[PDB]
Amino acid sequence: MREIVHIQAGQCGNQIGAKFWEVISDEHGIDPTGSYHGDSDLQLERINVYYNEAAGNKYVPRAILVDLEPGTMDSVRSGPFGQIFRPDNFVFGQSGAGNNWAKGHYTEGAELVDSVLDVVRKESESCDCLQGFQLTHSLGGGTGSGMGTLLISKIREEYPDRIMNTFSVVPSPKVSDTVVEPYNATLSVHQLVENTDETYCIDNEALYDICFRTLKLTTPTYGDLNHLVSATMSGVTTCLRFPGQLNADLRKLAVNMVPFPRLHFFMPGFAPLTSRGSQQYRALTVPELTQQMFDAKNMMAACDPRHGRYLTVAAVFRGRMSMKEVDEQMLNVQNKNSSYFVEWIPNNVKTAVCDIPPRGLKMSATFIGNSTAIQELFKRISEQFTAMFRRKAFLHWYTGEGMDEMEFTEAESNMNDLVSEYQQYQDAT
Amino acid sequence: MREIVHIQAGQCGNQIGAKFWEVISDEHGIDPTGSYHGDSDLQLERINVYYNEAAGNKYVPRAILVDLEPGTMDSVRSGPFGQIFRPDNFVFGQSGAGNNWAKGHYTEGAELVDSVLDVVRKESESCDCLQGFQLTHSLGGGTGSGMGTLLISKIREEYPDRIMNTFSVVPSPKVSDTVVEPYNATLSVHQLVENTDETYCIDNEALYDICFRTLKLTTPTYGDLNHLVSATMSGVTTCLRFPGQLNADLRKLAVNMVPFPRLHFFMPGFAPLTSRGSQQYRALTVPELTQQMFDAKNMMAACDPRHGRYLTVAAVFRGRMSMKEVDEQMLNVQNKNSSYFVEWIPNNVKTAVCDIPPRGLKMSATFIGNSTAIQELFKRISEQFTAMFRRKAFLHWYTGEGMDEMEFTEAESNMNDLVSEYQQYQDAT
Amino acid sequence: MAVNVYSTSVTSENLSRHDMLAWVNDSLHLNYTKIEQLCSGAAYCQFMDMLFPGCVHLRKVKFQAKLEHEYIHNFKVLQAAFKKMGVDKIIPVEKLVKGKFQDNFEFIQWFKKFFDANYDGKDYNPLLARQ
Amino acid sequence: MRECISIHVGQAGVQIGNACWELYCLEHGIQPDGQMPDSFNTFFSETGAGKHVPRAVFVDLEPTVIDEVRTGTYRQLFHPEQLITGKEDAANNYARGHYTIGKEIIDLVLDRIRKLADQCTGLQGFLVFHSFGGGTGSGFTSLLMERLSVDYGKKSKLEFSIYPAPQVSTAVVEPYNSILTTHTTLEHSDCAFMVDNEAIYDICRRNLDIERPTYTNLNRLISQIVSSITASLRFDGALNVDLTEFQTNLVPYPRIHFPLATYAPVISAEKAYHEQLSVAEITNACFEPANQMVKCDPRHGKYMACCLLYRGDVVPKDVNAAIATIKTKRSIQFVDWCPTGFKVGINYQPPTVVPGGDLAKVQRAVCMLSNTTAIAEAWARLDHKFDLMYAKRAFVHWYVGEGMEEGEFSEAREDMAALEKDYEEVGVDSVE
Amino acid sequence: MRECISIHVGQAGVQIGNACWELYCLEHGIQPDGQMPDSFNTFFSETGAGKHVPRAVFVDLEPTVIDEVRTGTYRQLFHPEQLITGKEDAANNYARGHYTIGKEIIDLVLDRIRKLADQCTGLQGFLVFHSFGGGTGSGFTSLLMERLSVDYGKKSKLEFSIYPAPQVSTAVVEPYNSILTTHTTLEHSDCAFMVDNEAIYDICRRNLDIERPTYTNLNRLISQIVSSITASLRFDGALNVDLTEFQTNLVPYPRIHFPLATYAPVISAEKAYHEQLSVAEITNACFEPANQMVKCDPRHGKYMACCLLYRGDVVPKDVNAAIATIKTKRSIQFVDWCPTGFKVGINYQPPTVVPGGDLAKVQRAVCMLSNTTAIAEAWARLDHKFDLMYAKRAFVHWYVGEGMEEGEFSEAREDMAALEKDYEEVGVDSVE
Ligand SMILES: Nc1nc2c(ncn2[C@@H]2O[C@H](COP(=O)(O)OP(=O)(O)OP(=O)(O)O)[C@@H](O)[C@H]2O)c(=O)[nH]1
Ligand SMILES: Nc1nc2c(ncn2[C@@H]2O[C@H](COP(=O)(O)OP(=O)(O)OP(=O)(O)O)[C@@H](O)[C@H]2O)c(=O)[nH]1
Ligand SMILES: Nc1nc2c(ncn2[C@@H]2O[C@H](COP(=O)(O)OP(=O)(O)OP(O)(O)=S)[C@@H](O)[C@H]2O)c(=O)[nH]1
Ligand SMILES: Nc1nc2c(ncn2[C@@H]2O[C@H](COP(=O)(O)OP(=O)(O)OP(O)(O)=S)[C@@H](O)[C@H]2O)c(=O)[nH]1
Ligand SMILES: [Mg+2]
Ligand SMILES: [Mg+2]
């Protein structure tokens, strides 16, 4: 009953993915071997959403791990929880893509993709009623971006009526992690616009800010960053996995959040977030949570929501709380912040409530904003792309793999059109 | 009540045969001395199918071991289980055939054949109701191929109303094990087409692939390969030896699988097949088994079933399982893979179920496919034969033993006709 | 005597998948839709005939090959043609015959360069060569 | 799995190789006899029981330098067939290296490479160590590269080069050798990492307080840089970079494939105790011109790519912070066609320190690979040097005597002229 | 049961025999006195109590070489009647070997063979060791073969031959001897395994690092090859090959019965420690022309049959894999009439190593027997040599003086011409 198929591509994709898996196992009372050691029957009721039941009281993640290099896979295998994964679901190459989108999409990735697809099909067939797919990856590298997009394209072709959702780690504005990342992102976005139903934009710049400023982590590590992402991810599927009072799911959320097909790029957020010492000096009531949710400093995408307008917002609450109170809070935010919400979508806040809170907390909240400010990010990428492409810098690395300028051009154009569309709705009255 | 007489020819024939015997003894609770040390009365009920009861609570395989060289026989005798065999049932020459079909069929083999026949007749007379004969051998050498075919011919003449089944190890496509193997195979096939009721085509190329890719055996050995073959073999007779819910036997299987007399060459398969570590991460339900059975990578013949159509498929299941489920699975495979099944044989899947599973497993499955793709193999052999015969290469080795070109020619023609026949049914609507 | 060339890393000296396949289809009058279809070796054998008539035993080529060994056979003919003409480039047969895109695309990149170095513009009807 | 084949050509290449393989052994816990009481495997193949053998070839045209290896401490480390020597050297003559003497052993060298490569399941590529100035380092290396390009195709090839200094030469004919080898190797190399002996000496004197640094010291320093480059492949890391990634991120146009290496921190133990070495602190050290290993001025050039490879106790956020501040800095200008100039690698393993070495043990290190229009200056200098001698045909008769043709000199020079112009063109900012 | 009778003719045959029987004794644990403190039995008959005697005949026309055996370490190993000597040698004259001197001992030799054969229950056949060049090796061997053909009929006969080198001769009349003996033996031999002293010397120098290899070394090497051929009969194996199988799988036409032997690996202990010797690795070694034991170029010929005999720690799948990759390789071309070119044998017993030998102890070995159109070159050379001397009738008077007729020379030559043409015809590919 509503199986989700999980896919992880590249280093980023696999590191976030592992963390996510760890989070989920703890929630469902699953230990590193796949055995259930939980307390309550509710933990097992909907375990089939993420786990296949194997022989002898074991549960195995419906997870496929993909990379053109093996080192990350090895690391995962050696990690805490590494042994829970099905060995045949690790599909790795030997070559790599050399941070090149073309290599991931057309060359090395192409050589590996069939093997992935075979696994995926089997996984799909395992499920009684497949909800769809969640892909974790970056847009800036070669495998996650090129191979990942290719995978998406094929999956969509095979299963056009199932939901495709992605958790994409997007390039940062202040500093680049690779030199060709604008190319890789731009290409990837071209695929994503046509082939995903929803995309959560996660940015490391935002994450670091959150960790340093809000969480008071002097020197946050990638693991810590991943944890936040995992928390968000778990939040989005909580209403599918536990009984609630007003229950959401992936389809409903998409419907509420996506008024036009191309505009499916979300700014995710999570609340609450406090230091170790600072948590004793404040109570986690719903209004506090709401307040934490609605501000620029708590968004995981490096763009200010105050630079645009919200088309829609979905808020997913976990824990025992008063529905009336929640509704009041939702009303209040809309009324007081009227100028940040588009005027032609009345009641553009959607609420979901799941009775099961996450571990350690009595209540939490997950925020999904569809904000016209995300256009800024796209614009930056377009600018960076242009600056390089006009001088044909690095181009021979991609053309050498069989790619043509036309493909690049078209991709750029598509990106530009999306930006224009975003602008149009931002400006409409 | 339904005695089977087992015959082993040459090195291959004897190595596979020994393994088979080992498998069978374990199943029926027989130790290396012939004494029953099993648990259940069901293990002894139908022990007479493969064993003669000797004086003093001992059971002896109804097995005849034949070779033109003694070394293999000696090895068998010295092996674990070597002492279980009747000493007078080892019939070996001193000369060999020098990898020459002619020597096996007309010369050295001829000198030994009468002695074999004498034993065989006695064995037949031992039995209350002889079902027939199973011969294990290769087609590529001299003894298994030439002597074996001769033996078959004589046996058929003597006992024309009994079933003759063969487990033939067929030459590989990528590499040849001997230079004259096309001649030896072609000649052998000429005899087999006219004198066997069913022939299981087993190919070492396929076997290695299975062992390396599916079983995750880095460096598989011939013993391991033989084990797989033995498992298949045991599977085919399981319904004759144990009570079941829908019981098959050798005759029934032949009837279901052979719509035209010459088309009796099967592609055998076995399921399940897993690594040592990988078995804990999956449950052996019937659908899984079915899925494992129906694919190209799990066939023990080096030909892709997707290059032809299935005329018929027999599936034999062992273990406690639901008949309904089995039937559903059978229906499902037919419906979804419609294009791979000939349209003029409705319901071309036959099912048998035996309640006794093999040791170590709760359920297993054995697959017998009559696929028009096997024609590829025959074509290859014909091509190889032609290439050599047109230049009369190596011919003096055979003509020197009294053989004429006419015999070769006729054999070639017969093979070609079979191929044509296969093609005709493949193409028919 | 036939001249020989090398390919590593150069700009404005490449060909897109589409363009390369167009070239192969126009040159040999066939209808490939994937560059990986060149893995059968028949096309390469034909190209050798067109470049250096008599360097290849085309009567031995299997133009309707479907199986790995058939493809291997074509590449043996190609190998022999290369040896006869003194082209020193090692053909990665095992990788090519698996029909992998990367290996085939790199090989055709080199082959195109080799062809351009050596082709004198003569016209021939490849249909007769084929059958 | 991801094997890396190392080739050490001529005296410089061999001697640096000695330093590199010594370091690798210490890093993987391999003794000088090949024994150890899984990460090693990219650099060492394994045989029988309790022995590990470098994936390396050492070649020189004379026996003396390699004979030291044969008779020395690591005699048991290498298999005899991977230590290749001729009889007579190339006598600082590219011609002898490329043609007369080199054509006698090239087949042998390549045959052994083929044998090495046959035992690789996932060959990443080749690391070639040599100099620009020697007859073997110039002529033989060029030859070798040509053959490798033919026999292996698009497999990644990397070069570590002792580029000639502005005012510190050994030979008189260095400019000739440098120019010809650059010309001949250009279309065959994917990326070449220049290093300059003068600069390293300065570093040794200034940063390590060494009055009289020896070639050994330089070699040791080089070994550190090489280790940083391959540590991402030999160890687990937070964010990883492989040999194929460099040429993508550091080479914007095919001919402009000369990034420069800078390592930090290079300090003595006595000096290390009074300093806390943060990521910001070492990054700043790197991005200051005095710590560079080529005697050139980046302040007078523009950056086209920077790749920063951190190792040890390093935290991604910290690195990001460090880089951000360096971006602001006046002394760091980037070309106008390149808004993203940084590629960043972070590996968990701290730099290993050779017993009896000049460097102190640190919790963090960083190796920057940067590509700068300032390198054009060096090329200009070299061309000028060539011009001065060639105008008089000084030493030309030697080259011709070894089978070179005079026209090839002019050819090499014109190609280098073109190269110089290419850099210049790249330098200028975009119209509109 | 499956007995094998060995005949050692002349100096080469006897000396190689010394090396072979020394090896067999070590392999079966038989002491030099015939004692041991069941596999032996194909090569050794057993007598009374605690003594084992070679199924062998040693023959030479002079006493000196056999006298060494009689007085030597293995004096007690052989029965006196199996060591046969005349008084005067054949003086490098085929005529003396075949007629004048040979006709005096042929009856004796055959009588002893008959006695040996009478104690065999399952005679597989004969292994005959000799050379092409000596008067005994050429003339006597031919005589012997003729008689054996008559008295035993279709029993398999195999030859191991020291074929003459291209540019390394002992005698001047070698070509005459070679040609006549090949002519006379051709219709009587089923398969003959050529080996060349030059090639073995090269192997010794190149692969074993021996400055000055002696005939002993060569003999030892030969003994290995012979052991590989008969190990399948003397030991248990996974997949087996017997003496009757070779002639079926290696001889496509009656006259084309000259396969060539190649053994791998041939290494010293010092070199073996840095190498892991896989099936693929040794197979590749074998299939490279430098490791061949006849100085000929297979790259310039085509293979008609290859038989690969593996021994020791060898796994069938691995062998299959190895062969498959070699099939792809450009340097391996097969004749068009032969889509299946490989016969493969695998035996469990690792190669035994003679104490004080030049070869290191390995887990695996392989012996290839291959038949190649490249052998035609050797024949052409030999014919040319014959022609040059015969045109002047150089040395002819000797042969005539010993009862040969001049017409027989021309006869031999024409037969060899025909043989040469037969190879040529076989070479070309099939029409349509
Ligand atoms: N860093 C460093 N540079 C070296 C070393 N040895 C030589 N060099 C430099 O290399 C150049 C001389 O080239 P060599 O490698 O000695 O010459 P070669 O390659 O042996 O060539 P020939 O002797 O001419 O055959 C000069 O610029 C030297 O300063 C060394 O151990 N370390
Ligand atoms: N490999 C090897 N070759 C040998 C040996 N002794 C001789 N030869 C070769 O055998 C040929 C000479 O023939 P021999 O066997 O000495 O002569 P013979 O058979 O005794 O004949 P006559 O003395 O003429 O009666 C030359 O090609 C020698 O190189 C040996 O111990 N080993
Ligand atoms: N939050 C988070 N971001 C990461 C992680 N790993 C990498 N990134 C970010 O993702 C980008 C590169 O991701 P990466 O994983 O290298 O893509 P890739 O395609 O797998 O890289 P490749 O195989 O082509 S070399 C960088 O911007 C980096 O900052 C991680 O574990 N967590
Ligand atoms: N699966 C399997 N195949 C084998 C075995 N032994 C041999 N073969 C295969 O069978 C073929 C040769 O079989 P072999 O047993 O030599 O026939 P034979 O007739 O007995 O051989 P001979 O007496 O004429 S020399 C080869 O292709 C080989 O790969 C075995 O134990 N298992
Ligand atoms: Mg030198
Ligand atoms: Mg003599």
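Keep in mind that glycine also has a Cβ here, set from the backbone N, Cα and C atoms.
Record features, source Swiss-Prot:
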MOTIF     A:1-4  motif 'MREI motif'
BINDING   A:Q11, A:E69, A:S138, A:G142, A:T143, A:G144, A:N204, A:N226  GTP binding site
MOD_RES   A:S40  phosphoserine
MOD_RES   A:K58  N6-acetyllysine
MOD_RES   A:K58  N6-succinyllysine
CROSSLNK  A:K58  ubiquitin cross-link
BINDING   A:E69  Mg(2+) binding site
MOD_RES   A:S172  phosphoserine
MOD_RES   A:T285  phosphothreonine
MOD_RES   A:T290  phosphothreonine
MOD_RES   A:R318  omega-N-methylarginine
CROSSLNK  A:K324  ubiquitin cross-link
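Sequence features, as recorded in Swiss-Prot, placed on the structure.
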{"residue": "A:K58", "record": "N6-acetyllysine", "DSSP class": "strand"}
{"residue": "A:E69", "record": "GTP binding site", "DSSP class": "coil"}
{"residue": "A:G142", "record": "GTP binding site", "DSSP class": "coil"}
{"residue": "A:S172", "record": "phosphoserine", "DSSP class": "coil"}
{"residue": "A:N204", "record": "GTP binding site", "DSSP class": "helix"}
{"residue": "A:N226", "record": "GTP binding site", "DSSP class": "helix"}
{"residue": "A:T285", "record": "phosphothreonine", "DSSP class": "coil"}
{"residue": "A:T290", "record": "phosphothreonine", "DSSP class": "helix"}
{"residue": "A:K324", "record": "ubiquitin cross-link", "DSSP class": "helix"}
Modified residues close to ligand 3 - of A:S172, A:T285, A:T290, only those whose C-beta is under 6 Å away: none
Candidates A:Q11, A:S138, A:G142, A:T143, A:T290 (recorded positions) - the one closest to A:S40 (phosphoserine) by CA: A:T290
Interface-proximal recorded positions, chain B, C-beta separation under 8 A, candidates A:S40, A:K58, A:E69, A:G142, A:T290, A:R318: A:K58
C-alpha spacing of A:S172 (phosphoserine) relative to A:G142 (GTP binding site), in angstrom: 17
Neighbouring C-beta atoms (10 Å sphere around the C-beta of A:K324 (ubiquitin cross-link)): 9
Sparsest Cβ surroundings (other CB atoms within 10 Å) among the recorded positions A:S138, A:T290: A:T290
GTP site span - longest C-alpha distance across A:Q11, A:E69, A:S138, A:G142, A:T143, A:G144, A:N204, A:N226, in Å: 23
Close in space, distant in sequence - A:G144 (GTP binding site), Cβ under 8 Å, 6 or more apart: A:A9, A:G10, A:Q11, A:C12, A:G13, A:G104, A:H137, A:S138, A:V169
Recorded positions: A:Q11, A:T285 - member with fewest neighbouring CB atoms within 10 Å: A:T285
Pairwise Cα distance for A:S172 (phosphoserine)/A:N226 (GTP binding site) [Å, integer]: 16
Separation of alpha carbons, A:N226 (GTP binding site) and A:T285 (phosphothreonine) (Å): 26
Proximal to chain D - recorded positions among A:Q11, A:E69, A:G144, A:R318, CB under 8 Å: A:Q11, A:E69
10 Å Cα neighbourhood of A:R318 (omega-N-methylarginine): matching recorded positions from A:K58, A:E69, A:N204, A:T290: none
Collapsed DSSP category at A:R318 (omega-N-methylarginine): strand
Residue counts (helix, strand, coil, in that order) that DSSP gives for the motif 'MREI motif' (A:1-4): 0 helix, 2 strand, 2 coil
Residues satisfying Cβ distance under 8 Å from A:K58 (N6-acetyllysine), sequence separation of at least 6: A:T33, A:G34, A:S35
A:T290 (phosphothreonine) versus A:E69 (GTP binding site) - Cα distance in angstrom: 42
A:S40 (phosphoserine) in three-state DSSP notation: coil
Site with most surrounding Cβ atoms, counting all protein chains shown within 10 Å, from the recorded positions A:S40, A:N204: A:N204
Cα-Cα distance linking A:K324 (ubiquitin cross-link) and A:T143 (GTP binding site), given in Å to the nearest integer: 47
Distance, A:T290 (phosphothreonine) to A:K324 (ubiquitin cross-link) (CA atoms, angstrom): 14
Rounded to the nearest Å - Cα separation of A:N226 (GTP binding site) and A:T290 (phosphothreonine): 23
